[PDB]
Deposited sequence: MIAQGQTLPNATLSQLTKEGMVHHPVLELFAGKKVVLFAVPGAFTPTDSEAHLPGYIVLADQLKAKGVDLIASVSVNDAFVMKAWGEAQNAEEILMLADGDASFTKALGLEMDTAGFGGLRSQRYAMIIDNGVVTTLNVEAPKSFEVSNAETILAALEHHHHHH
């Protein structure tokens, strides 16, 4: 499992418009990246993603250059999810085969639900280096929400 202080693995995340190398996409920026177990699922669609949409400008007021969401979904599902949620301020990234997630050691087996998905987490990434890493407790939503990240930028 990746830890604070490490640079992200040189992996790729896809977007429908491109296979972004995350080391190039996040370079020179303060990036907030939060991961969800699945597009269109309840917690992700009713709490997690909406929380970052609502606080997007507050986060950018505190120096964030880019807010991004990643999920083990394909880019077509991620694009349709962003439109359903009106997540214009959020960059939706697809980890369709969970290769980025596995390289982080942050995968989890949801078995019959949806196979390998990402654990729920949130990071603050400064020029590719993981500065803050908030990984949720199983089936819990407490530390990866936008409010906690905002309070981390308070220090």
Going from the first residue of the deposited sequence to the last, where are the unmodelled runs? 18-21, 160-164
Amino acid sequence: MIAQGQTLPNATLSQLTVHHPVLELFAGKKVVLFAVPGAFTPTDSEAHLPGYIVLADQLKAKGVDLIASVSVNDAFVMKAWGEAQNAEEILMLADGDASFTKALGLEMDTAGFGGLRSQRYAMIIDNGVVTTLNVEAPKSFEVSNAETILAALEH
From here on, numbers count along this sequence of modelled residues.
Given the B-factors recorded for C-alpha atoms, which segment has the greater mean, 67-75 or 81-89? 81-89
For the C-alpha atoms alone, is the average B factor greater in 122-130 or in 33-41, going by the entry? 122-130
Please pick out which of 16, 135, 13, 25 has the largest Cα B-factor as recorded in the entry. 16
Against its chain's modelled residues, does residue 149's Cα B factor rank lowest, middle or highest third? lowest
Determine, from the deposited record, the chain-internal third of the Cα B-factor for residue 117: lowest, middle or highest. lowest
Looking at the entry's B-factor column for C-alpha atoms only, identify whether residue 53 ranks in the lowest, middle or highest third of its chain. highest
Compare the C-alpha B factor of residue 59 with those of the other modelled residues in its chain, then answer lowest, middle or highest third. highest
